[PDB]
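Consider the single chain below, provided in structure tokens and representing the form deposited without the named molecule.
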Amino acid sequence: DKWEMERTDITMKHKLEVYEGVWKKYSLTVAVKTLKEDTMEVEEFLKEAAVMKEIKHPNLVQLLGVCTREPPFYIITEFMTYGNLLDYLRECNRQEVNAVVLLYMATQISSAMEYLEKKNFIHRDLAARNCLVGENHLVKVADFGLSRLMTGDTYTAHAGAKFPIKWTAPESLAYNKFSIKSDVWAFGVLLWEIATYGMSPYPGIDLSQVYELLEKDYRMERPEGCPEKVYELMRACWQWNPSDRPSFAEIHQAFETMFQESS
């Protein structure tokens, strides 16, 4: 198992229980995520790390190694120096992180989602807080809660599971069923987060009323300064019927076209 390594190969630097660390064998700064106890919620996290071994895409966080033998367990991934995309957008220089850059970030994210689409994976938590930013506006999707679709189209979460309401497709709120189309819905909210430089979705809306509003065809308004053909994509992601939402292949193509069309 080339992915297994000994904890003495990593030196812990600063807490972020996720740590900034150094893989001393390559002098490479890494992110280390550690698990104290041996609980069943921990074991599901490490079974998701096994899924990370099959994934390799420039815009997905790369797995580097694991410490499965005995606790505390280590998950080692590449380090993104600028942290999560949500805080990044809220604190950035909007003259530097301008509309072209926002377009660039959406193209990167949709490229990774198209990759997961063709390998029949689902993310289940697509949001700005789960995207990591590197140098020169490089964006990578945090792929730690990925699920593999072993048979069929739909994954069903265990009854009683709590989801982020304002990012969750209506099929998942009502029936706890997730698909790549539910990721397309969450991607629409992610677009709205990017276009607003990190505003909270459905501002001021009571969480208990969100689903009923969605049933009655309420959607978020177009953000100020958002191009109309991006808001059209947003609204396409928020179709009621999952089969009426576009694929990530169509979305990446649309964003590649718009991104090249900027000078």
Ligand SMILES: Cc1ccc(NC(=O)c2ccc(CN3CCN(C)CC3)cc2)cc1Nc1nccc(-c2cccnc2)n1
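When you see a residue number, it is the position in the sequence shown, counting from 1. Between two forms, the rigid core is the largest collection of C-alphas that superpose within 1.5 Å.
Superposing each structure in 5 other deposited structures of this protein on the rigid core shows that the farther-lying of 19-27 and 250-258, by root-mean-square Cα distance, is 19-27. When the other structures are laid on the shown form by the core, the C-alphas of 92-100 and 136-144 differ in how far they drift in 5 other deposited structures of this protein; the larger average drift belongs to 136-144. Judged by the one-third criterion across other entries of this protein, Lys216, modelled here, is also modelled in every one of those that cover both its neighbours. The records show that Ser200 is included in the coordinate set of every other eligible entry of this protein, so it is not omitted in a third of them. Unmodelled residues of the deposited sequence between neighbouring positions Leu16 and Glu17 number 4 to 9.
Stretch comparison (1-9 versus 252-260) by mean CA B-factor in the PDB entry places 1-9 on top. Averaged over Cα atoms, the B-factor as recorded in the entry is higher for 45-53 than for the other of 228-236 and 45-53. Highest CA B-factor among the listed residues (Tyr104, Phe79, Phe73, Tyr155): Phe73.
The residue among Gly83, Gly188, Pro170, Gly145 whose C-alpha atom has the highest B-factor in the PDB entry is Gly145. Ranked by C-alpha B-factor against the other modelled residues of its chain, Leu207 falls in the middle third.
Sorting the modelled residues of the chain by their CA temperature factor places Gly198 in the lowest third.
Sort the chain's modelled residues by C-alpha temperature factor and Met113 lands in the lowest third, per the entry. Ranked by Cα temperature factor within the chain, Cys131 sits in the lowest third according to the deposited record.
Compared with the other modelled residues of the chain, the Cα B-factor recorded for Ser179 ranks in the lowest third.
Note that the form deposited with the named molecule bound isn't included here; everything after this is about it.
When the named molecule is superposed onto this form from its pose in the entry with it bound, three or more of its atoms come within 2.4 Å of a backbone or C-beta atom, and the site is therefore classed as blocked. Though the named molecule is absent from this view, in the entry with it bound it lies within 4.5 Å of a heavy atom of just one residue from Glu221, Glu70, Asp217, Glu224, which is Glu224. Shown alone here, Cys237 lies farther than 4.5 Å from the named molecule in the entry with it bound, counting heavy atoms only.
Interface membership of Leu102, defined by any non-hydrogen atom within 4.5 Å of the named molecule in the entry with it bound, is confirmed.
Residue contact with the named molecule in the entry with it bound: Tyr202 places no heavy atom within 4.5 Å of it.
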